[PDB]
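Here is what each chain is made of, one letter per residue.
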Amino acid sequence: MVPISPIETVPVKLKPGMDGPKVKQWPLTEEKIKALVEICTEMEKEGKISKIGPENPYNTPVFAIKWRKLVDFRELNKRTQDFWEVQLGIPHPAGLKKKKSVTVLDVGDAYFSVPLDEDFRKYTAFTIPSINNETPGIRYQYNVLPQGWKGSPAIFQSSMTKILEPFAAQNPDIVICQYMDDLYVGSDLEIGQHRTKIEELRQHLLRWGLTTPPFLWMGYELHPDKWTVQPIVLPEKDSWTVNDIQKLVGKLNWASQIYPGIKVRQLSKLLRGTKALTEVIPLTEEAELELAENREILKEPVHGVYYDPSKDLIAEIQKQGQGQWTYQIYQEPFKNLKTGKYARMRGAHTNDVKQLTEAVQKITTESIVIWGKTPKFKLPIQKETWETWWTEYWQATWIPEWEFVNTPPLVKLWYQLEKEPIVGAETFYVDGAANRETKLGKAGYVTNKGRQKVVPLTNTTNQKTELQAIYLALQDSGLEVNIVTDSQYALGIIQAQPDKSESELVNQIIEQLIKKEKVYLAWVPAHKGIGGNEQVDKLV
Amino acid sequence: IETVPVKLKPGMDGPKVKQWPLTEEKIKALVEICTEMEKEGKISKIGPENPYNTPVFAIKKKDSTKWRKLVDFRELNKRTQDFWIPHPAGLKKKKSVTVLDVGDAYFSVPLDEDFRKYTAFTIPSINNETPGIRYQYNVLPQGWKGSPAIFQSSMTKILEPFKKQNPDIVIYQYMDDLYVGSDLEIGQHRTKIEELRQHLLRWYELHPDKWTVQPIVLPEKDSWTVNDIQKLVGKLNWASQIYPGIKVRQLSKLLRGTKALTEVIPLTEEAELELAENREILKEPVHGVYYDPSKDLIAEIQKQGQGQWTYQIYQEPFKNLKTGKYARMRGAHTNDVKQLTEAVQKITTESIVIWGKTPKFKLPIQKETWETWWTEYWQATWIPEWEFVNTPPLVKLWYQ
Ligand SMILES: Cc1cc(/C=C/C#N)cc(C)c1Nc1nc(Nc2ccc(C#N)cc2)nc(OCCCN2CCOCC2)n1
C-alpha cells in the first residue's frame, strides 16, 4: 500500500461561554430509521463516522428525505465559531483568459475524505432512534467534514488549495478552479501535452488518496472562447406583485452586465418605502415602454470576450438620461469584455458632471476588482468642460486618464456664476420672508435703478421664498445681473451648481440662469441693517 | 526576548475588516515582500481558523522606488488597551525637526502568541480567483498602536548615550516614526543625524520655527465698493463668532440705500474708527484657547484653488488651536486629490509634532472619490480618521 499523506486538521473551537448542542432527537418512521441504519453502517465502513457511548451528552437531530441522509446542525452552527470568509465573492468571467481546452474531474470522492479536528467531533454526536424506542438509539459522531456544518466549506477549500499549491506554481501553463462537486483545469497547451498534465494531476491527488462545454456557472455560460449569462426569464403577468418587481429588477441588473442599454429606474421608483409581498402595483407609460425596450434588448443574444493582458483596457460611458448611465468595457472595438450601468444616488439636486464622475469611480473600482488595473476612459465631455469644472469646483475631484468622445448627448456646464461683481449690470437686492404658523409670506427685490417688486405668497416657507425672490430677480433682469441675498440656504444650493432638481422652484431658477450671460451672486448677513437688503418689505 | 502579555479591551473582539481591492502591481509588491518576511519569521501563513482581518496595501516613499507594506491598523488600534510619554512641548520650537523610519527595529521583538490572531491580514487575488494569501505577525507589526508602547522600553535604552551626550537635542516617538529636533545649523544638523543613523545601525526635514498660528486680516483699501464692504461686513460678522467686541453697525450704515455693487462708497470717520477698532481686536489672540488631550482634534480643509489650500485644527468650534495655509507644488498641479492627500499628511504630521496625536479630518471631497484614490498618493506610515463634507462652506472666502 502506497502511504497516503495525512491531511493536517484545522483546530476548531466553539464560541466563548457556549456549551455544545443538546437538541431533542426527532421521532422517525420505521422506514426512515431502517434507511439511516444502512447508510450509517456503510458510512462507518467508509471511515466517515464512528460509534460512541453515553459519555457524549451532545445531541444533533437527524432527518431522512427520499435514501439520502440529512443532519441538522442548525443549533451547533449557532454555537460554532466564525471562520475566514473563503471566499464570499465569485470571479467575473470578463477577467478570465481564453483557454484552448478545459478538463473536468470529480471531487465527490474527495470531499468526505477531509478529516475533522479531533476535540470537536464530540459536538457532532447524533442519535439514530431504534425501533419502537425500546432501545438506546445508536450513538455516532463524525470523523470528517459533515455536509451542512458551519465550518465545512471553509476548511474544505482551504485544505484543497494547500494541496494544489505546489502543482500550480510548477505549472504556470495551467489553471484550476473549484465548483462544486467537480474540479476544472484549463490550458492553451497541445491536446497531447494537456491530457498529459491531467494525468500528472490525477497522480498528484492520488498521493493524498484521491483517485477520481458550454458550462453553466453561477448564472453564466462559459464557452472556451467567450461568455454570457444564463437566459434571463422575465415573468409576464398583468398582475405585478411587490415581490415580482424585485425579481424583475434583480434579473434585469444581472443582465445589464453584458446586455447594453438596460434601464431599471421606472421599476425601482415603485419600491420606495414599501415593505410587502402582495400588492398589484400599476405601471406608468414610461415603465411599460422601458420593459418593452428591455424585452427588445433581450431578444437577441450577445457575448462577452475574455481578457488578454497584452492589450489596453478601455471603458466608454454614455448618458442614457434621467440620471441613468451605461458603460461598456473593451480592448478592441465592438468586442466587449463586459458592460454595465450606473444610477444616480438619491439626492435632491445634482448635475451631469458629478454623476459622470461617480460612474467613473464605480467603473474604476469595478475594473480593479476584475483585471487589477484602471482602464482608459472615453468620455462624452469636452476637456474644457472638465477643465473649467474641477478648477472652479469647491470640492476636490478627479478623473483618471481619459479622452473625449463625440457621442451626443454631451455633458456640459449650463451656467457659471461670476467671480467678481459685474460692472454696468443692474443690482437686485432680494429677500423672502414667511410666517411660520399661517404659512403666509412675501418675496421680492429692489434695485439700484429704483426697480422693485414684492409678490404675495400662500402656503410657503422661508427657505422657499428666499429662493423665490432670486427667481424673480433672475426673471426681470438683463442678460447680465448681480444679485445680493441674505439666504445662506439659497446660496448654498446655487454654489453646488445643479442642472436638475427635485424642487421645481430650483429647476426654474436653473432655467433662468441658463438664459443669462453673466450672473454674480453676492451674500450678506441679514438683520444687520445692511442697506438695500430690505427685510421690512417682505417680513410684513 | 520575551513576549509581554497583551490583551484587548473589555467586551471587544478582534478586527474583522474587509480588504479592499488592490491593483496588480501592488499585489506583486506585497507578494515579493511578504515572501521574504515569511522566511525571516516576521509573518507566518495562517489557516481558516483565523477569522479576523486587517486591511493591507503598498506605497512608495520619497527618493525610493521600492514598495513599502502599509497595514491599516486603525480598527485594531482602537481595540487595544494602550496606556503604556508626556508630549515633549519643545519639539514644535526647534529650528529643525527630522523624521526617521524606525519601523525595521520593531521586527526584532516577538509578539504575544495569544494576540497574533488579531494581526491577521490578507493579500487579495485579482478577480476573486484564488483565496487571498493570509498571514499573521510573529514579531511586532508596524503601525500597531502597541508597537511603540512596547518598544518604548528598548528605545530608551538605545538612545541613552546620544541624549545624555547632547541634552539640547529633543527626541520623540509616534508610531513607526522617530522625531528628532535641534536648534543647530542645517549642515551640522544633517551630520548630527548621520551620526544618529550609524548609532542606530549598530544596535524629511521640517522647520516648526518657520510657522505660527495665522491671524485674521481685513483689507486695506483707499476706495471701497458696495461689494467690498458687503464682503467686509460678512467677514466681520463671522469673525464675531470668535472675537468678542466686533462691531459692524457703522460699516453697515454705509450700505444703507440701494447702490450698485461696483459703485465706490467713501468711508466715514465713524466707520473708519470702527474698522480700525476691529483690526486691533483681531491682532490679539483668541481668548482662553487651551488643549484638552481627552477630546478629539478636528481638522477642516478648504480648497482655495490654484494649488492653495487652507486648514484649521480645533476641538471646540471657533476655538482654533492652529490655522495654516498650503500651496506647495510637488508635481501635482493637474491633480486635486493628490494635493489634498499631501495636505492631509502635512497637517497630520504637524499635528503629531504639536500634540503627539493625529486629528480627525473633514475633507471637501465625495466619499466615493476619495476612497478610490487616496492610497495612490499616500506616503505616511500612519493613517488618521476622516469625514466628508458635502455642503459648500461659506467660510472659504473668509480664510482667504
Ligand atoms: C477553469 C475555470 C472553470 C470555471 C467553470 C467551469 C465550469 N463548470 C470557472 C473558473 C473561475 C475557472 N478558472 C479560471 N478560468 C480561466 N479561463 C477560462 C477559459 C475558458 C473557459 C470555458 N469554457 C473557462 C475558463 N482563467 C482563469 O484565470 C486566469 C488568470 C489567472 N491570473 C492569476 C494572477 O492574477 C491575475 C489572474 N481562471
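- For this deposition, the record names X-ray crystallography as the technique by which the model was determined and cites 3.0890 Å as its resolution.

1. Here we look at the packing of helix α11 (residues 462-475) of chain A against helix α13 (residues 504-515) of chain A
Residue and element names in this part refer to chain A.
Right, so step 1: Orientation of α11 relative to α13, taken along the N-to-C sense of each, is 25°, at an axis distance of 9 Å. Taken together, the axes of α11 and α13 are roughly parallel relative to one another. Where α11 crosses over α13, the handedness of that crossing is left-handed. Of the residues in α13, those touching α11 at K464, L467, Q468, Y471, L474 and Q475 are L505, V506, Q508, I509, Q512 and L513.
Right, so step 2: Here the residues of the contact of α11 with α13 sort into 7 nonpolar, 4 polar and 1 charged.

2. Quick word on the site of the ligand
Right, so step 1: Around the ligand, a shell composed of 13 residues is seen, among which A:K97, A:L222, A:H223, A:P224 and B:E129 lie nearest.
Right, so step 2: The separation between a nitrogen atom of the ligand and a polar side-chain atom of A:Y184 is 3.3 Å.
Right, so step 3: Protein chains shield 81% of the accessible area of the ligand, which is 800 Å² for the free molecule.
Right, so step 4: Split by domain, the shell around the ligand shows at least three residues from each of two domains, domain 2 (87-111 + 153-213) and domain 3 (214-307) of chain A.

3. Quick look at the pairing of strand β3 (residues 67-71) of chain B
Each regular strand carries side chains that alternate between the two faces of the sheet.
Residue and element names in this part refer to chain B.
Right, so step 1: Counting buried residues along β3, 4 of its 5 residues qualify, which places the element largely inside the surrounding structure.
Right, so step 2: Bridging between strand β2 (residues 56-60) and β3 involves 5 bridges; their strand directions are antiparallel. Bridge assignment links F57 to a residue of β3, and that residue is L70.
Right, so step 3: Where β2 folds back onto β3 in an antiparallel hairpin, the turn is made up of 6 residues, including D63, whose phi is positive at roughly 60°.

4. Comments concerning the nonpolar core
Right, so step 1: Counting residues in hydrophobic clusters, the biggest one holds 81 residues, and the most contacted among them are B:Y179, B:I301 and B:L363.
Right, so step 2: The next biggest cluster of nonpolar side chains, apart from the first, holds 61 residues, and it includes A:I509, B:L218, B:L236 and B:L275.

5. Some points on the domain arrangement of chain A
Residues and elements named next belong to chain A.
Right, so step 1: In terms of domains, chain A is made up of domain 1 (1-86 + 112-152), domain 2 (87-111 + 153-213), domain 3 (214-307), domain 4 (308-414) and domain 5 (415-540).
Right, so step 2: On a C-alpha basis, the centres of domain 3 and domain 4 stand 23 Å from each other.
Right, so step 3: At the junction of the two partners, domain 3 supplies 20 residues and domain 4 supplies 21 residues.
Right, so step 4: Summing the contributions of domain 3 and of domain 4, the shared interface buries around 1,600 Å²; its carbon and sulfur component is 48%.
Right, so step 5: Of all residues in domain 3, the largest losses of buried area upon contact with domain 4 belong to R265, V305 and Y307, amounting jointly to 46% of the total for that side.
Right, so step 6: At the surface where domain 3 touches domain 4, the tally comes to 0 salt bridges.
Right, so step 7: Seen at the junction of domain 3 and domain 4, the total is 10 residue pairs in polar contact.
Right, so step 8: Residue classes in the side of domain 3 that touches domain 4 are distributed as 9 nonpolar, 7 polar and 4 charged.

Reading the values: the criteria
Residues numbered from 1 in each chain as written, not as in the entry; some residues may be left out. Chains lettered and ligands numbered in written order. Heavy atoms only, no water. Residues with missing side-chain atoms left out of burial classes, pairs and counts. Axes fitted to C-alpha atoms, helices over the stretch in contact; angles between N-to-C directions. Helix = DSSP H or I, 4+ residues; strand = E, 2+ residues; numbered from the N terminus. Parallel < 35°, antiparallel > 145°, perpendicular 65-115°, else oblique. Left-handed = near helix turned anticlockwise from the far one by under 90°. Contact = heavy atoms within 4.5 Å. Nonpolar A, V, L, I, M, F, W, Y, C, P; charged D, E, K, R; others polar. Near = heavy atom within 4 Å. Polar contact = N/O pair within 3.5 Å; in protein donor to acceptor, adjacent residues only side chain to side chain. Areas by Shrake-Rupley, 256 points an atom, 1.4 Å probe, with all protein chains shown as cover. Domains from an automatic or database assignment. Buried < 20%, exposed > 50% of the residue type's maximum accessible area, 1.4 Å probe, protein only. Pairing = 2+ DSSP bridges. Core = buried A, V, L, I, M, F, W, Y, C linked by side-chain atoms within 4.5 Å. Buried area = accessible area lost by both parts, 1.4 Å probe. Salt bridge = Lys/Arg side-chain N within 4 Å of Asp/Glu carboxyl O.

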